[PDB]
Number of protein chains: 6
Amino acid sequence: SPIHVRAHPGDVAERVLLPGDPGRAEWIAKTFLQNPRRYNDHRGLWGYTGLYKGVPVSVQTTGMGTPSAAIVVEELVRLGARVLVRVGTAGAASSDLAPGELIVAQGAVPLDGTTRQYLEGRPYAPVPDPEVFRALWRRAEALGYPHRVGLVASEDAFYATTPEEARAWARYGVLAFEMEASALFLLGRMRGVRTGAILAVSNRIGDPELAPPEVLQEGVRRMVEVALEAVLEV
Amino acid sequence: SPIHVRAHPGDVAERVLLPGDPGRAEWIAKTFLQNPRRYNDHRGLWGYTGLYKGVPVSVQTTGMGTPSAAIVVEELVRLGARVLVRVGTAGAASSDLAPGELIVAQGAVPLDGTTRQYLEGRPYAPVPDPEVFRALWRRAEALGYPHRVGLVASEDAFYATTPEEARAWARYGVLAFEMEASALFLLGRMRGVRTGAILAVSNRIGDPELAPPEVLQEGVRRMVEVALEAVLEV
Amino acid sequence: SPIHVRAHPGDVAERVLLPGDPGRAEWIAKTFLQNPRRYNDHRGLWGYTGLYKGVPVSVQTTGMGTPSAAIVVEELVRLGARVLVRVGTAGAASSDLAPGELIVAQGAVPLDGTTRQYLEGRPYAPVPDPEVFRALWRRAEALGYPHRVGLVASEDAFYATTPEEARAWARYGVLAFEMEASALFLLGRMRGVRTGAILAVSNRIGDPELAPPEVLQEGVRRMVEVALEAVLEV
Amino acid sequence: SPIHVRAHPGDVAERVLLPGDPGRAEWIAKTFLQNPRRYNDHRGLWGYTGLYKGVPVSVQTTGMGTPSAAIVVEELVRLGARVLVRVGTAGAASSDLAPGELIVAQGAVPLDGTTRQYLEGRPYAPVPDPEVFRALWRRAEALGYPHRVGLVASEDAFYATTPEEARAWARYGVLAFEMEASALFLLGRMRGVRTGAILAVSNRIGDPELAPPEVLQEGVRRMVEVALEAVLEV
Amino acid sequence: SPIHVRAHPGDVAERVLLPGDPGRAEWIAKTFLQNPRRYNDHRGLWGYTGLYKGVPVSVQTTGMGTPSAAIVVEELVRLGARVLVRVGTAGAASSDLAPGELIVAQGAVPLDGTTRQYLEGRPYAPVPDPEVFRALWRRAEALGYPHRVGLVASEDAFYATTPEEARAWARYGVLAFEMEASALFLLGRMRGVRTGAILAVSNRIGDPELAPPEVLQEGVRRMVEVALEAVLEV
Amino acid sequence: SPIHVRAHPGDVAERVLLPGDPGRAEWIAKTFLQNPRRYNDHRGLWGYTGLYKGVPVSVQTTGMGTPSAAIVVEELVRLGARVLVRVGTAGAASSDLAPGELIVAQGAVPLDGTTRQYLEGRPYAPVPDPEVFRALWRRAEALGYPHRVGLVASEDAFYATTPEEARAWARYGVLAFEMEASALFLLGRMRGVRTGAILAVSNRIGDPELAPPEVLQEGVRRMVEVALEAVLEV
Ligand SMILES: [Cl-]
Ligand SMILES: [Cl-]
Ligand SMILES: [Cl-]
Ligand SMILES: [Cl-]
Ligand SMILES: [Cl-]
Ligand SMILES: [Cl-]
């Protein structure tokens, strides 16, 4: 059994949603899945597997940050995951984005050290699996939920990024910051699995707190519905 | 008038194809465009403008490498370009890719110094405009032309890359090597225009020569046709 | 209230132990603390506050990786933490360090991106607060528990480091690898608080699994006792 | 036959001038050579070969940027080029440099990604062949043409360099900015050939337009004269 | 016999003090040691061996800069040196440090190229031998001499560092700047010898001259006494 | 009076030879100068001033490494030095270089941290003053001493370079390795003074000892003579 996600190959489905927060993982399992069963809780990395419209789907907590997420993704692939979609939150890099809005990550600027270590410092363009990406975009459109399609930035130091630095990045196409996408995308290609990422804007860089829980939760629900429908398309 | 592409307002259409080879530009204008006109020849950067199915389309030579391509794009934008699609060739980094095959660039690993200079050395994920990327993908399908969707690597030292290095990169998702995409994608976001890139494998890294004129020409013909259809879609 | 550690200053003591695993945090509170109470469980970052020999001591989960630990440490300082000591595990960089052995971290090689982001890429020498370092060392002696004193390396890509690479680093003084120390030390100096780290070897890097429970548990129990005694010293 | 510069050993002399602009390559081949024969026009890399004072001299277009230049230089060496002297223009980084003034490049600051790729990110000091350098310098003095001897900087992002940055570099000895010398010098040492570079200032960084064609044209004339004389002496 | 420090094994004691100034070396030998004997003067790298409380002790000049100190350290280790303690001067990074104040280096920010070359650019945390570091701290306390315990930064360009930069580093824990510690600490681990460093503040970054010779001399005296007592402890 | 080279403006002449070894500075002063006088011995940086063919000439010790040499050069400039020529030794990087062979440095690969700091990490091509370089070359020819003209590499870690790396650098034009040139050349441009460097091969990278005393000694004499003649020319 893997060191951190202490499960067994038969526990994980080929399709997996990857929320960073264990509380959201549980909410997803109980709100959307049939016969959900928790296969892991070691290190608080709550992982669940159930059925969504007749198809097996797992929901695995990644923790915060690319180091934590890389560990989970690497072990997930070992356990049999083949399609992995991150469902997280992000901080808007501009007033253009409003809390609750969705972002289908077209690519992720690698401002983290996990992708850097794997790459031995070489340049790279972290992108999701093209099929998964397309399906996430399609579903978001179909459902009609307010969304954007473009770049996010995966960072390591959450409290280091200033509003001024955020504005600067937005000028280069960055819509928001988050802390996991880049490594997921990289590992997708390295391990030969399909990955994708959709995010719900929970606030704007510089803000001392997150948007109203009402706002946030509706955004999360939309995001998860899009991802669940998308993973069944691939 | 710009320094390198010496044209004036009205010469360049909103939609532009960007072949690196001036020979190809001429062949594209004379083969697909009605009443093509050459607005520039300065520094061999041949630029033509004509009609494709009633819509104005320009074909501008970029030259080889991102420094050259960057100059041409910066000036094209100043002249009125708003949708720029690179139509070029690339070297397969793997063995699964066959010469003549098409590649819709989902992103470009920035291995060039041009993007690095604009970014001041910071990490980045060069990606095309999502709608353009999508339109190219869709069109490739509608025409039924065999294609691949994914990463290419934009490099500076054509003769430095070794088959061994190419193979290593392929294990990271790089489908092939070319020398222009990264800077085009970056500028697209920096200047607020829509960019894209479609390539035609013309060889495998390590080969002393390109592929047979015909096998390669059919690829180039299909690539240009997909790009024309796609630019009219946005 | 902080974004991730949703608590109030009055809930957190000045002396805090920082385990990476929420399971160990819970085990520490129940095993060593008097009247322990869980003040946070948001995101699975279990945090408890109780009493050790009459002195208030908090045990806060950091999660894995410097990005996660940095978030927790930043919010703790905001909550009133003044003395923070990491109590975790590490993989031995050479065949001579046996599982269960304790390591008082004299320093932490910054192989992570979190410190890199905060430092804007500049060189640095992550070190604990001298007095805390000294107390940890002294207590280990007072308790008569076999221990090593030296450098550890804080990494981001757990699964990228090969046993050969680990050993190469051992030649430079690295006793073992972990994923949090560097950021804790840096923030200690940046925020003006006292920090330290003590580790229990859980495996010799390269092992498919961790050491047998009893061997590792005794070491973990010893590490914790040294830490608790040490924070009361400052 | 070279991929880009389609020619064969026999078409190229041992002594070669290297203008970036194909238009200048033609002017030179016609204005100073006797019986000039164009051996290549592929990709607009107009290449000629004739006789200067009874000696065979090739004039080969490199294109703009070290990526393009590196490809042309690498192939010329394969065709048998032994002495390659670049004859280009540059943008003054100083205010004491007037358009038309010549510059015998003593070295080239490598701000380009091409040299960086060949060097694998290692530091270097791009310099011409010592003999060629002295020849150009000596000829310039003999012909009494106003000139400077010093450093230039080879850049990638033409439109990224600001007057402010250019002034800063000037204080470190940089006389002007160009886009090809560094790679040429590096390849000269790598491939064991003699290289050199002389430049005619066409403007000052910040200027939207170049200097009067009249003043500028004379500079090119003098420059070419110096270069031609020099290549024969080695 | 080594290239620079031309002594033979038998001239050098296991315990050694390392002043950068040969003038201080001579002064230390004649002031504190019994029967001082000079074993080397080649290249002005004056080295002496005598007795301190019946224990053999050497005083070896390192010269200024890590390149020079690295050469001397390398050769001393080759000659059998086992405990090496630097006794130098440093420039206060903040106005919090008064001239003549002693600093027990807990670590040293590697802003030098010597450590960079040895580490091939990799990150690192240069730290003293833990036992030596502790002995220095202990002795400072016993002798009753005021002192600070913390980080210093080892730089290469004495005249490049500005007051603003100095105050920026002070925010990250840097107490003062010096020019040899980082390399000593690194070689300490690489060559398996025990190292340490104690410094006397001789000025503030930005000061045209050093502090009062009388105040400085007293600081140097105390420093040397501490080092001597310390090396006898290991 | 400067901090390290404690001299008065009237002590140093406009023309200065910069040996790294103090013993060589003295030999030079006594062997070639009329009425030589030592104006400084502080920190072992022995400096002399005398007359060479009726022209004042100073001989200043720089110590080993760019950090030490930078301090000396910075101070010599502040004292009025106008022409500074380094006269040192170097380690041959290839096999075609015999011991005692002279090298007139055309440029210096900056593998050092001193130049790196002054340049804030930016690329650069350290080169001597054109006229000085020219003079040294011409004089070596005049005196008819066998010489080489080309690149040397200035390094920080004398004992880090291996024969393998040395051979690798030779393929890039690096004739030999030394430890001062790069910083001298950079400061030359920065401070507005004329600098140069001529070297005598004392060994081959990897040799345990230097070349035979007389083989090298003859080279050093020829070297000093070339430098003296050259400085009087500028
Ligand atoms: Cl399944
Ligand atoms: Cl139009
Ligand atoms: Cl408390
Ligand atoms: Cl010929
Ligand atoms: Cl001894
Ligand atoms: Cl004088």
# chains A, B, ... in the order shown; residues from 1 in each chain; ligands from 1
$ residues_near_ligand --ligand "ligand 1" --cutoff "10 Å" --atoms "only C-alpha atoms and all ligand atoms" --output "list in words"
residues 10, 11, 12, 13, 14, 15, 16, 49, 50, 51, 55, 56, 57, 58, 80, 81, 82 and 83 of chain A
$ write_last_selection --atoms "N, CA and C atoms" --output "compact mmCIF listing (two decimals), in the first residue's frame"
# COMPACT_ATOMS: atom_id res chain seq x y z
N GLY A 10 -8.02 -1.76 -5.74
CA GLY A 10 -9.44 -1.97 -5.92
C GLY A 10 -10.32 -0.89 -5.30
N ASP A 11 -9.72 -0.03 -4.47
CA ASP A 11 -10.45 1.05 -3.81
C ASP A 11 -10.66 2.27 -4.69
N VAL A 12 -9.69 2.57 -5.54
CA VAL A 12 -9.76 3.74 -6.39
C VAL A 12 -10.30 3.51 -7.80
N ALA A 13 -11.21 4.38 -8.24
CA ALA A 13 -11.77 4.28 -9.58
C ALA A 13 -10.83 4.95 -10.58
N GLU A 14 -11.05 4.70 -11.86
CA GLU A 14 -10.22 5.30 -12.89
C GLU A 14 -10.45 6.80 -12.96
N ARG A 15 -11.65 7.22 -12.57
CA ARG A 15 -12.02 8.62 -12.58
C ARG A 15 -11.99 9.17 -11.15
N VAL A 16 -11.25 10.26 -10.96
CA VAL A 16 -11.08 10.87 -9.65
C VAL A 16 -11.21 12.38 -9.64
N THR A 49 -14.90 6.65 -2.65
CA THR A 49 -15.23 6.07 -3.94
C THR A 49 -16.71 5.72 -3.95
N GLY A 50 -17.38 6.09 -5.04
CA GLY A 50 -18.79 5.82 -5.18
C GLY A 50 -19.19 5.76 -6.65
N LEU A 51 -20.49 5.84 -6.90
CA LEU A 51 -21.00 5.79 -8.26
C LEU A 51 -21.70 7.09 -8.61
N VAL A 55 -21.46 5.28 -13.01
CA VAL A 55 -20.02 5.18 -13.25
C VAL A 55 -19.19 5.38 -11.98
N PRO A 56 -18.20 4.50 -11.75
CA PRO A 56 -17.36 4.62 -10.55
C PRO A 56 -16.54 5.92 -10.54
N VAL A 57 -16.61 6.65 -9.43
CA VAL A 57 -15.88 7.90 -9.29
C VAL A 57 -15.31 8.02 -7.88
N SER A 58 -14.04 8.40 -7.79
CA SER A 58 -13.39 8.58 -6.50
C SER A 58 -13.19 10.07 -6.25
N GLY A 80 -4.21 3.08 -9.63
CA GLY A 80 -5.07 2.91 -10.79
C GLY A 80 -5.83 4.10 -11.35
N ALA A 81 -5.63 5.30 -10.82
CA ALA A 81 -6.33 6.46 -11.34
C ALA A 81 -5.85 6.73 -12.78
N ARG A 82 -6.78 7.10 -13.67
CA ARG A 82 -6.45 7.35 -15.08
C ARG A 82 -6.92 8.72 -15.55
N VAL A 83 -7.98 9.22 -14.91
CA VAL A 83 -8.51 10.54 -15.23
C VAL A 83 -8.64 11.25 -13.90
$ select_by_dssp --residues "segment 10-147 of chain F" --states "strand (DSSP E or B)" --output "number ranges by chain"
F: 15-18, 34-40, 47-52, 55-60, 83-92, 102-111, 147
$ write_last_selection --atoms "C-alpha atoms" --output "short mmCIF file (atom, residue, chain, number, x, y, z; two decimals), in the first residue's frame"
data_model
loop_
_atom_site.label_atom_id
_atom_site.label_comp_id
_atom_site.auth_asym_id
_atom_site.auth_seq_id
_atom_site.Cartn_x
_atom_site.Cartn_y
_atom_site.Cartn_z
CA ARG F 15 50.54 52.54 -14.43
CA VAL F 16 50.20 49.43 -12.24
CA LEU F 17 51.13 45.76 -12.63
CA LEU F 18 48.93 43.41 -10.61
CA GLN F 34 64.76 51.79 -10.24
CA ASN F 35 64.56 53.03 -6.66
CA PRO F 36 61.64 50.73 -5.72
CA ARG F 37 59.73 51.68 -2.59
CA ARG F 38 57.07 49.71 -0.73
CA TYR F 39 54.10 51.92 0.07
CA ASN F 40 51.99 49.23 1.74
CA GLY F 47 52.64 47.39 -3.00
CA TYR F 48 55.67 49.03 -4.59
CA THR F 49 56.35 52.06 -6.74
CA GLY F 50 59.49 52.75 -8.72
CA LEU F 51 60.71 53.84 -12.13
CA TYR F 52 60.77 51.77 -15.27
CA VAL F 55 58.44 56.21 -15.95
CA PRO F 56 56.71 55.70 -12.57
CA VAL F 57 55.27 52.20 -12.26
CA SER F 58 53.54 50.61 -9.28
CA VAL F 59 53.34 46.88 -8.49
CA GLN F 60 50.36 45.94 -6.35
CA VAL F 83 46.34 51.51 -16.35
CA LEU F 84 46.24 48.20 -14.52
CA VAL F 85 47.73 45.03 -15.97
CA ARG F 86 47.51 41.72 -14.15
CA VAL F 87 50.60 39.53 -14.33
CA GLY F 88 49.71 36.14 -12.93
CA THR F 89 49.80 32.42 -13.55
CA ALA F 90 47.15 30.04 -14.84
CA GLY F 91 46.27 26.37 -15.19
CA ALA F 92 46.31 25.11 -18.77
CA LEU F 102 52.35 33.10 -22.20
CA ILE F 103 48.70 33.98 -22.60
CA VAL F 104 47.46 37.43 -23.57
CA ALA F 105 43.88 37.45 -22.28
CA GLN F 106 41.39 38.58 -24.91
CA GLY F 107 38.56 37.98 -22.47
CA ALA F 108 37.66 36.11 -19.30
CA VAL F 109 34.78 33.68 -18.81
CA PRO F 110 33.12 34.88 -15.56
CA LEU F 111 32.75 31.73 -13.46
CA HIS F 147 52.55 33.44 -26.81
#
$ interface_residues --of "chain E" --to "chain D" --cutoff "12 Å" --atoms "only C-alpha atoms" --output "list in words"
residues 117, 120 and 121 of chain E
$ write_last_selection --atoms "N, CA, C and O atoms" --output "compact mmCIF listing (two decimals), in the first residue's frame"
# COMPACT_ATOMS: atom_id res chain seq x y z
N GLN E 117 30.14 27.21 -6.88
CA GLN E 117 30.87 26.34 -7.78
C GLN E 117 31.03 24.93 -7.20
O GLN E 117 30.92 23.94 -7.92
N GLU E 120 27.76 23.42 -7.40
CA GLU E 120 27.25 23.42 -8.76
C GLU E 120 25.92 24.16 -8.87
O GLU E 120 25.03 23.75 -9.60
N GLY E 121 25.81 25.26 -8.13
CA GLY E 121 24.60 26.07 -8.18
C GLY E 121 23.44 25.66 -7.29
O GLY E 121 22.48 26.41 -7.15
$ residues_around --residues "segment 218-223 of chain A" --least-positions-apart "2" --cutoff "7 Å" --atoms "only C-alpha atoms" --output "ChimeraX atom specification"
/A:87,100-102,198-200,214-216,225-227
$ write_last_selection --atoms "C-alpha atoms" --output "mmCIF file, in the first residue's frame"
data_model
loop_
_atom_site.group_PDB
_atom_site.id
_atom_site.type_symbol
_atom_site.label_atom_id
_atom_site.label_comp_id
_atom_site.auth_asym_id
_atom_site.auth_seq_id
_atom_site.Cartn_x
_atom_site.Cartn_y
_atom_site.Cartn_z
ATOM 1 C CA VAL A 87 -11.755 20.922 -8.181
ATOM 2 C CA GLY A 100 -18.057 32.262 -7.396
ATOM 3 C CA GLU A 101 -17.033 32.408 -11.042
ATOM 4 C CA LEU A 102 -15.412 29.313 -12.537
ATOM 5 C CA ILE A 198 -11.447 23.713 -12.742
ATOM 6 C CA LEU A 199 -11.505 26.387 -10.049
ATOM 7 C CA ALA A 200 -14.045 28.579 -8.291
ATOM 8 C CA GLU A 214 -23.200 31.406 0.346
ATOM 9 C CA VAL A 215 -21.333 32.654 -2.718
ATOM 10 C CA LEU A 216 -18.469 30.208 -2.278
ATOM 11 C CA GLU A 225 -21.126 19.232 -11.294
ATOM 12 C CA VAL A 226 -19.056 20.333 -14.281
ATOM 13 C CA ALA A 227 -16.142 18.067 -13.350
#
